[PDB]
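As a convention, Cβ positions derive from the backbone with ideal geometry for all residues, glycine included, and neighbour counts pool all protein chains shown. The numbers here are math on the coordinates, done by the rules we state, and not lab data.
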Ligand SMILES: Nc1ncnc2c1ncn2[C@@H]1O[C@H](COP(=O)(O)OP(=O)(O)OP(O)(O)=S)[C@@H](O)[C@H]1O
Ligand SMILES: Nc1ncnc2c1ncn2[C@@H]1O[C@H](COP(=O)(O)OP(=O)(O)OP(O)(O)=S)[C@@H](O)[C@H]1O
Ligand SMILES: [Mg+2]
């Protein structure tokens, strides 16, 4: 059940849900596994807010355990194409795709909470198929893997070798460690 | 199904769920297995009520049975960041994350019921995989576990060594005994 | 049958002392008084609009913070009547007929109109349309011609021309957004949201006609 | 009370110079002046419609583009009465009785009709219906016979003559659609929705008996410079009555134009800056000070300060 909230205007008061009312203030809420339908909804909220006020800055709350890489590309491409500067704030944890979208945020506005968590792991490509099919499919993950490392490298600024060395296995980064590594610029300052 | 209560507004009365009508009264019902969606929903309610009144506190009735620490930690981070404190009224089962979240409440405003029980235990995750992967999971899980014990000990003020010894194994603390331990200020007056 | 102060242009002592007299009566609104006094001075200096009103002012700010005190005191200082209309009553679609008057063949035709009759009886006066935001959009449309042309044709056909009156409209649209802080973890800059909210509530045609939007 | 046939030499000069005069008063919007002037020429020439008005034009454009100024000035140039009927008042169907009069046996029958009486009193005049869109859709039906048959019957049965009347209706219906920002990666097309709105707002029959639908374009930066000059001329006329004189540097005019230039609000903001920047300082001096008599005001701007530098030497 989504809680209902009330707003006020000269004409009267309208009833809206918690997410919509908060979305009226340019605050998006990303939650749960990344699905194609989920990503379609997130990008839709960005395009709507872009027209409403381009000068203002969106706030994409990235609290998810990750998912399909393809879905995230739509969110990542949308986050850049729009004129506003998306601010990514982690709340509880950052997964592989969550981390990539976290670093993709506009430099100078990325923030994280003191007890936030982060994680980056190599994509999983375990499947059974024909010998010929396996080679074609396997070639694709290498390009995406290298592509993913290059994109985060540009935002993070670390050399490609640094990303390759760290991504060799699963790695977790705490909130203070995140700023040191360069995933985000600073911790969330008191309001 | 939920009730339909007719609140009184100047323009006209508007039906609302029991959760929404009580949300107007700064009540945030927390219940069920800790989930990212559930945790995300609870923090959204608190942020909306902060605009209504910064000085007034935001009530919080917690009946969570425990769950993923990362999902639950989201509420803890936002709670400290928000200007209005949260009255953590624990009226039911308080698991590790639930009790941990309950302890997060500001001093002088927490509450607990004597009938209820509050237990604190270390999180347990049966991760399986390669030996190298297990070592990595062991590092981060112990690190976050230490972080939970250090932040929890900070608010109560008791020595960290004492809290670590109590959390080494599963244990339950009676609600009146919790007052002496420092988990809560005192039980409800009446 | 008026105080004779307005007819005498040479009596400029009141205008120079208008700010001082108004400032003692109202405290904390010196900026509003300065804008109001300067506007009347140009109107009395021969720089007034040929067909538009003396001045259209939208009083936007908090409720009770010196908005209607300047209007009542101004009328006494300028020796003109005070026309106060409550817009809360005029919130329905058909309420507009009360002010302009009902057309021929309908009930209320004999009544010339609450607004049209008052301006005709008192060409020099202060029109206080308090709670303008509450007013129906139809009422806003009527005001467009008032600022642009200066005359409201009545049911009887008499042109209710009032170019000497000073129009003041009290609203609380801006005070709402500024008082309420943003939502979400990171705070947001809402310095300009008040003006944007006013833009949404009031049609551009209405806002363009206004001389200035006073702030309290 | 209509223009005589076999137009005289004096009247001829006015018709050829009408376009030039209107353009000077209202800069830009050349198409609007061309439609009004050409229609009047044909009527005087004897090629006008036998039973229709001189011209029925719908001026749809952004705010402050001079939709009503071109009509008010036209009446002044031709020395004909301006029958300006505000359509904001006629927002409901019941208001139709005011224009044509109440039927027999009902209150207000004696009062008559404003539109019928006005046209009868002034056969040759410019009928300006401002904010036509804001009026009830049913009110537009009354104009159908006027645009096609040229006659509107009154409650008493009197028929008005609209053959010499210039019907001009101003609306800002399409302004909202054009100004609204589209949503999507690729910017959507513009200027198409504005025409669609008029089609929705007005029935096909209404748009089928209209001589033309002139679209008023947004004022350009160059046009705004001329607008500032026009406002300064009005201020100079007011000051001349008091004997005061005003001179503004060319640099100051350009600076003031940029300060108040607004595409959405058109030319009206220019008056506001003129009032605040020029009228307000002069107001204090005009009442008490050097400007009381003699004037000889000189105004310029300082590049470093970026503020106006007024001068008063009586
Ligand atoms: N800022 C102020 N300065 C001086 N007197 C004030 C001020 N605000 C309120 N008052 C007094 O409030 C009295 C009561 O008048 P009200 O109409 O209730 O309030 P108001 O502020 O004049 O107008 P509104 O309509 O309430 S905003 C007036 O007679 C004033 O003397
Ligand atoms: N094209 C223009 N050229 C010169 N002055 C203009 C022009 N358009 C507007 N103005 C100035 O602005 C004043 C007011 O313009 P309006 O006649 O109210 O414009 P409008 O677009 O017809 O308004 P509506 O009908 O309210 S949308 C005129 O009297 C001029 O001083
Ligand atoms: Mg107009």
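Only residues that are within 10 Å of chain A (Cβ to nearest Cβ) and in a loop (DSSP other than H, G, I, E, B): list them for the range B:15-37, please.
Residues satisfying the conditions are B:17, B:24, B:28, B:35.
Among the residues of the range C:185-197, are any closer than 30 Å to residue D:134 by Cα and within 16 Å of ligand 2 (Cβ to nearest atom)?
No, the conditions are met nowhere in the range C:185-197.
Among the residues of the range C:41-60, which ones are more than 16 Å from ligand 2 (Cβ to nearest atom) and either assigned to a strand (DSSP E or B) or more than 9 Å from every other protein chain (Cβ to nearest Cβ) (or both)?
C:54, C:55, C:57, C:58, C:59, C:60
With the requirement that a residue be facing chain C (nearest Cβ under 7 Å) and out of contact with any helix residue (DSSP H, G or I) (no Cβ under 7 Å at 6 or more places or on another chain), what does the range D:85-94 give you?
D:94
Those residues that are within 18 Å of the chain's Cα centre (by Cα) and surrounded by fewer than 21 Cβ atoms within 10 Å (Cβ to Cβ), I need them from the range B:20-46; list them, please.
Those that are within 18 Å of the chain's Cα centre (by Cα) and surrounded by fewer than 21 Cβ atoms within 10 Å (Cβ to Cβ): B:26, B:27, B:29, B:31, B:32, B:33, B:35, B:37, B:38, B:41, B:46.
Filter the strands (runs of 3 or more DSSP E) completely within the range A:45-154 down to those with at least 2 residues that are under 29 Å from residue C:188 (Cα atoms) and away from chain B (no Cβ under 14 Å).
A:87-90
Let me confirm something: among C:58, C:74, C:22, which residue is farther than 17 Å from residue C:163 by Cβ, buried (at least 20 other Cβ atoms within 10 Å of the Cβ) and out of contact with any strand residue (DSSP E or B) (no Cβ under 7 Å at 6 or more places or on another chain)?
C:22
Quick one: is residue C:141 under 30 Å from residue D:261 (Cβ atoms) and within 16 Å of ligand 2 (Cβ to nearest atom)?
For residue C:141, the condition - under 30 Å from residue D:261 (Cβ atoms) and within 16 Å of ligand 2 (Cβ to nearest atom) - is met.
Conditions: (1) more than 16 Å from ligand 1 (Cβ to nearest atom); (2) under 25 Å from residue D:272 (Cα atoms). Residue C:118 meets all but one. Number of the miss?
It is condition (2) that residue C:118 fails.
Can you tell me how many residues in the range C:1-40 are in contact (Cβ under 8 Å) with a residue 24 or more places away in the chain and either outside any loop (DSSP other than H, G, I, E, B) or within 16 Å of ligand 1 (Cβ to nearest atom) (or both)?
So the answer is 17.
Any idea how many residues of the range D:216-225 are crowded, with 19+ Cβ neighbours inside 10 Å and outside any helix (DSSP H, G or I)?
Result for the range D:216-225: 2.
Name the single residue that is nearest to ligand 2 (Cβ to nearest atom) among those in the range D:79-91 being surrounded by fewer than 18 Cβ atoms within 10 Å (Cβ to Cβ) and in contact (Cβ under 8 Å) with a residue 12 or more places away in the chain.
My answer is D:82.
Count, please, the residues in the range A:99-147 that happen to be over 17 Å from residue A:58 (Cα atoms) and crowded, with 23+ Cβ neighbours inside 10 Å.
So the answer is 6.
Looking only at strands (runs of 3 or more DSSP E) that lie completely in the range C:93-198, which have at least 1 residues being more than 16 Å from ligand 3 (Cβ to nearest atom), surrounded by fewer than 22 Cβ atoms within 10 Å (Cβ to Cβ) and without any contact (Cβ under 8 Å) to a residue 12 or more places away in the chain?
Here the list reads C:159-161.
Are any of the residues in the range C:62-70 in contact with a strand residue (DSSP E or B) (Cβ under 9 Å, 6 or more places away or on another chain), within 21 Å of residue D:272 (Cα to Cα) and either within 16 Å of ligand 3 (Cβ to nearest atom) or outside any loop (DSSP other than H, G, I, E, B) (or both)?
Scanning the range C:62-70, I find no residue that is in contact with a strand residue (DSSP E or B) (Cβ under 9 Å, 6 or more places away or on another chain), within 21 Å of residue D:272 (Cα to Cα) and either within 16 Å of ligand 3 (Cβ to nearest atom) or outside any loop (DSSP other than H, G, I, E, B) (or both), so the answer is no.
Mind listing whichever residues of the range D:61-70 are away from chain C (no Cβ under 12 Å) and either within 16 Å of ligand 1 (Cβ to nearest atom) or over 14 Å from residue C:205 (Cα atoms) (or both)?
Listed by number, the list holds a single entry, D:70.
For the range D:95-105, indicate whether the set of residues that are farther than 19 Å from residue D:139 by Cα and more than 16 Å from ligand 2 (Cβ to nearest atom) is non-empty.
yes
Yes or no, residue by residue, for (1) without any contact (Cβ under 8 Å) to a residue 12 or more places away in the chain; (2) more than 8 Å from chain C (Cβ to nearest Cβ); (3) surrounded by fewer than 20 Cβ atoms within 10 Å (Cβ to Cβ):
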{"site": "D:255", "(1), (2), (3)": "no, yes, yes"}
{"site": "D:265", "(1), (2), (3)": "no, no, yes"}
{"site": "D:276", "(1), (2), (3)": "yes, no, yes"}
{"site": "D:288", "(1), (2), (3)": "yes, no, yes"}
{"site": "D:293", "(1), (2), (3)": "no, yes, yes"}
{"site": "D:297", "(1), (2), (3)": "no, yes, no"}
{"site": "D:302", "(1), (2), (3)": "yes, yes, yes"}
{"site": "D:310", "(1), (2), (3)": "no, yes, yes"}
{"site": "D:314", "(1), (2), (3)": "no, yes, yes"}
